[PDB]
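Undergrad: This is the structure I have questions about; it appears just below.
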Amino acid sequence: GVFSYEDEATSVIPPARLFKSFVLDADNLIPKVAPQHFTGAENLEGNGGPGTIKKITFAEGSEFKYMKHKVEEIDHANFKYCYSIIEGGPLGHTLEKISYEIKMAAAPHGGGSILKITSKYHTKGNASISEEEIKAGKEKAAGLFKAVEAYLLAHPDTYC
């Protein structure tokens with residue numbers, strides 16, 4: 001079964017800089033912003049553009065866990081950024097794929113931004129999606145999104 005879920009999240013980061021950070025620097029941004037929650041991330045394929053693969057990694061209790069996120073599309077006109085689980089352990093075993101789309105928008109105050117995000121859970125066979133799996137997907141992304149603001153306010157000499 002195909003299951004799409006969309007959210008908007010507010011950021012203190014400006015809309016093009018919100019976009020630019022998650023496309024140009026994410027491999028370093030993950031352990032920059034949350035070094036106990038993630039061990040790091042590494043380029044396995046491409047050049048940071050479409051057809052890129054990021055091996056994203058955590059242990060958080062020393063039990064090592066991995067994802068591979070294929071960057072499928074990057075669109076600088078829309079400031080849209082699309083990737084999926086081509087891999088995330090059990091997300092290949094009873095799920096098959098997770099189709100992401102990060103889209104920026106303006107904040108109403110014009111200071112920071114609104115992050116818009118789709119995550120699309122593809123389940124194997126007739127399997128219904130777990131609410132706890134929908135939550136597990138959101139919480140790692142929302143973890144990094146709140147952590148990059150806290151990082152950017154703690155270490156402001158980055159231009160992003």
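Going through the structure tokens in order, the chains are called A, B, and so on, while each chain numbers its residues from 1 and the ligands are numbered from 1 in the order shown.
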Need to verify the contact set: residue 113 of chain A, 8 Å, only C-alpha atoms, exclusion of same-chain residues closer than 5 positions in sequence. Can you return it as number ranges by chain?
TA: A: 10-15, 18, 104-107
Undergrad: Those selected residues, please, written with N, CA, C and O atoms and delivered as a CSV table (one decimal), in the first residue's frame.
TA:
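As a result, result.csv now contains:
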```
chain,number,residue,atom,x,y,z
A,10,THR,N,7.9,25.3,11.1
A,10,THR,CA,8.5,26.6,11.0
A,10,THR,C,10.0,26.6,11.4
A,10,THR,O,10.4,25.9,12.4
A,11,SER,N,10.8,27.3,10.6
A,11,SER,CA,12.2,27.5,10.9
A,11,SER,C,12.6,29.0,11.0
A,11,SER,O,12.1,29.8,10.3
A,12,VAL,N,13.5,29.3,11.9
A,12,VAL,CA,14.1,30.7,12.0
A,12,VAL,C,15.1,30.9,10.8
A,12,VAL,O,15.6,32.0,10.7
A,13,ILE,N,15.4,29.9,10.0
A,13,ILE,CA,16.4,30.0,8.9
A,13,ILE,C,15.6,30.5,7.6
A,13,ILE,O,14.6,29.9,7.3
A,14,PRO,N,16.2,31.4,6.9
A,14,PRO,CA,15.6,31.9,5.6
A,14,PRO,C,15.3,30.9,4.5
A,14,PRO,O,16.1,29.9,4.5
A,15,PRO,N,14.3,31.0,3.6
A,15,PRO,CA,13.8,29.9,2.8
A,15,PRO,C,14.9,29.3,1.8
A,15,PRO,O,15.0,28.0,1.7
A,18,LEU,N,17.5,27.5,4.3
A,18,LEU,CA,16.9,26.2,4.7
A,18,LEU,C,17.1,25.2,3.6
A,18,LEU,O,17.6,24.1,3.9
A,104,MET,N,10.7,24.4,0.3
A,104,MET,CA,10.7,25.7,1.1
A,104,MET,C,9.4,26.5,0.8
A,104,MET,O,8.8,26.4,-0.3
A,105,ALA,N,9.1,27.4,1.8
A,105,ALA,CA,8.2,28.5,1.6
A,105,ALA,C,8.6,29.6,2.6
A,105,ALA,O,9.3,29.5,3.5
A,106,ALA,N,8.0,30.8,2.3
A,106,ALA,CA,8.2,32.0,3.2
A,106,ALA,C,7.5,31.8,4.6
A,106,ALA,O,6.4,31.2,4.7
A,107,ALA,N,8.1,32.3,5.6
A,107,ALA,CA,7.5,32.6,6.9
A,107,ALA,C,6.6,33.9,6.7
A,107,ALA,O,7.0,34.8,6.0
```
Undergrad: With only C-alpha atoms as the counted atoms, please give the residues lying no more than 9 Å from residue 152 of chain A, apart from itself and same-chain residues fewer than 5 positions off, as a list in words.
TA: residues 13, 33, 147, 157, 158 and 160 of chain A
Undergrad: List every residue of chain A that DSSP, applied to the backbone of this structure, assigns to alpha helix (DSSP H), and report them as a ChimeraX atom specification.
TA: /A:15-24,26-33,131-154
Undergrad: List as a list in words the protein and nucleic acid residues near residue 38 of chain A, meaning an atom at most 6 Å away when only C-alpha atoms are counted, but skip any in the same chain fewer than 3 places from it.
TA: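 Here the qualifying residues turn out to be residues 31, 35, 57 and 58 of chain A.
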Undergrad: May I ask which of the residues A:148, A:59, A:67, A:129 is the closest one to residue 89 of chain A, counting only C-alpha atoms?
TA: A:67
Undergrad: Could you jot down the atom CA of residue 109 of chain A to atom CA of residue 151 of chain A separation for me, Å, one decimal place?
TA: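 Between these atoms lies a distance of 21.6 Å.
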Undergrad: Counting only C-alpha atoms, what is within 10 Å of residue 50 of chain A, bar same-chain residues fewer than 4 positions away, as a PyMOL selection string?
TA: chain A and resi 23+45-46+70-75+81-83
Undergrad: From the options A:134, A:44, A:141, A:95, which residue's atoms come nearest to residue 115 of chain A, counting only C-alpha atoms?
TA: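 When distances to residue 115 of chain A are compared using only C-alpha atoms, the smallest one comes from A:141.
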Undergrad: Per DSSP on the backbone, filter segment 7-118 of chain A down to the residues in strand (DSSP E) and report them as number ranges by chain.
TA: A: 7-11, 40-45, 52-58, 65-75, 80-87, 95-106, 113-118
Undergrad: So that I can check the surroundings of residue 7 of chain A, please list as a ChimeraX atom specification every protein, DNA and RNA residue that reaches within 12 Å of it, counting only C-alpha atoms and ignoring chain neighbours fewer than 2 positions away.
TA: /A:4-5,9-10,100-104,114-120,134-135,137-139,141-142
Undergrad: Selected residues, N, CA, C and O atoms, written as a tab-separated table (two decimals), in the first residue's frame, please.
TA:
```tsv
chain	number	residue	atom	x	y	z
A	4	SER	N	1.07	8.43	1.59
A	4	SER	CA	1.69	9.76	1.67
A	4	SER	C	1.28	10.48	2.96
A	4	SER	O	0.12	10.40	3.38
A	5	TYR	N	2.21	11.22	3.56
A	5	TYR	CA	1.97	12.12	4.69
A	5	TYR	C	2.77	13.41	4.52
A	5	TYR	O	3.99	13.39	4.35
A	9	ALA	N	6.59	22.84	8.90
A	9	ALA	CA	7.33	23.11	10.11
A	9	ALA	C	7.99	24.48	10.00
A	9	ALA	O	8.59	24.82	8.98
A	10	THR	N	7.92	25.28	11.06
A	10	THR	CA	8.49	26.63	11.01
A	10	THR	C	9.97	26.58	11.39
A	10	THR	O	10.37	25.92	12.36
A	100	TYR	N	10.45	11.08	-0.28
A	100	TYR	CA	10.52	12.40	0.35
A	100	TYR	C	10.46	13.54	-0.65
A	100	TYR	O	10.96	13.42	-1.77
A	101	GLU	N	9.94	14.68	-0.21
A	101	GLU	CA	10.01	15.95	-0.93
A	101	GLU	C	10.04	17.08	0.10
A	101	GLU	O	9.02	17.41	0.71
A	102	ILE	N	11.21	17.69	0.27
A	102	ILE	CA	11.40	18.94	1.01
A	102	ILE	C	11.17	20.08	0.03
A	102	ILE	O	11.86	20.20	-0.99
A	103	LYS	N	10.21	20.95	0.34
A	103	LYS	CA	9.91	22.20	-0.37
A	103	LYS	C	9.98	23.37	0.61
A	103	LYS	O	9.38	23.32	1.67
A	104	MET	N	10.71	24.44	0.28
A	104	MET	CA	10.68	25.66	1.11
A	104	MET	C	9.43	26.50	0.81
A	104	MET	O	8.81	26.39	-0.25
A	114	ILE	N	9.04	28.65	6.24
A	114	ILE	CA	8.29	27.42	6.47
A	114	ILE	C	8.98	26.31	5.68
A	114	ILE	O	9.09	26.39	4.45
A	115	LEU	N	9.42	25.26	6.37
A	115	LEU	CA	9.78	24.00	5.75
A	115	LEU	C	8.50	23.21	5.44
A	115	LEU	O	7.74	22.92	6.36
A	116	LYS	N	8.24	22.84	4.19
A	116	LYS	CA	7.18	21.89	3.81
A	116	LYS	C	7.82	20.54	3.47
A	116	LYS	O	8.83	20.50	2.77
A	117	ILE	N	7.26	19.44	3.96
A	117	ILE	CA	7.82	18.10	3.76
A	117	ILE	C	6.74	17.04	3.54
A	117	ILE	O	5.89	16.81	4.41
A	118	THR	N	6.82	16.34	2.41
A	118	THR	CA	6.12	15.06	2.19
A	118	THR	C	7.05	13.91	2.55
A	118	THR	O	8.24	13.96	2.20
A	119	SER	N	6.53	12.86	3.18
A	119	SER	CA	7.17	11.55	3.31
A	119	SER	C	6.15	10.48	2.92
A	119	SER	O	5.02	10.47	3.44
A	120	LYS	N	6.49	9.63	1.95
A	120	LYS	CA	5.55	8.68	1.33
A	120	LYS	C	5.99	7.23	1.51
A	120	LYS	O	6.84	6.73	0.78
A	134	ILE	N	5.06	6.09	11.05
A	134	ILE	CA	4.82	7.47	10.57
A	134	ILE	C	5.48	8.49	11.51
A	134	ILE	O	6.14	9.43	11.05
A	135	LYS	N	5.36	8.28	12.82
A	135	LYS	CA	6.01	9.08	13.87
A	135	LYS	C	7.54	8.92	13.84
A	135	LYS	O	8.24	9.93	13.87
A	137	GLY	N	9.47	8.23	11.30
A	137	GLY	CA	9.90	8.99	10.13
A	137	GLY	C	9.95	10.49	10.43
A	137	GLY	O	10.99	11.12	10.25
A	138	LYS	N	8.85	11.07	10.95
A	138	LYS	CA	8.81	12.50	11.28
A	138	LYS	C	9.86	12.89	12.31
A	138	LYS	O	10.58	13.86	12.09
A	139	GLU	N	9.98	12.15	13.40
A	139	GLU	CA	10.81	12.56	14.54
A	139	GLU	C	12.30	12.69	14.22
A	139	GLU	O	12.93	13.61	14.72
A	141	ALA	N	13.61	13.55	11.19
A	141	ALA	CA	13.65	14.77	10.39
A	141	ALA	C	13.42	16.03	11.25
A	141	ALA	O	14.26	16.92	11.29
A	142	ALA	N	12.33	16.06	12.03
A	142	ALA	CA	12.02	17.14	12.97
A	142	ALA	C	13.10	17.33	14.05
A	142	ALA	O	13.31	18.45	14.53
```
Undergrad: Choose the residue, out of A:53, A:24, A:2, A:85, that has the smallest atom-to-atom separation from residue 97 of chain A; count only C-alpha atoms.
TA: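 Looking at the shortest contact to residue 97 of chain A, the residue is A:85.
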Undergrad: So how far away is atom CA of residue 98 of chain A from atom CA of residue 127 of chain A, in Å?
TA: 14.5 Å
Undergrad: Distance atom CA of residue 124 of chain A-atom CA of residue 6 of chain A, one decimal place?
TA: 20.8 Å
Undergrad: From the list A:159, A:154, A:96, A:86, which residue is nearest residue 32 of chain A when using only C-alpha atoms?
TA: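 Of A:159, A:154, A:96, A:86, the one nearest residue 32 of chain A, counting only C-alpha atoms, is A:154.
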Undergrad: With distances taken over only C-alpha atoms, which of A:143, A:29, A:56, A:68 is nearest to residue 41 of chain A?
TA: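 Closest to residue 41 of chain A, using only C-alpha atoms: A:56.
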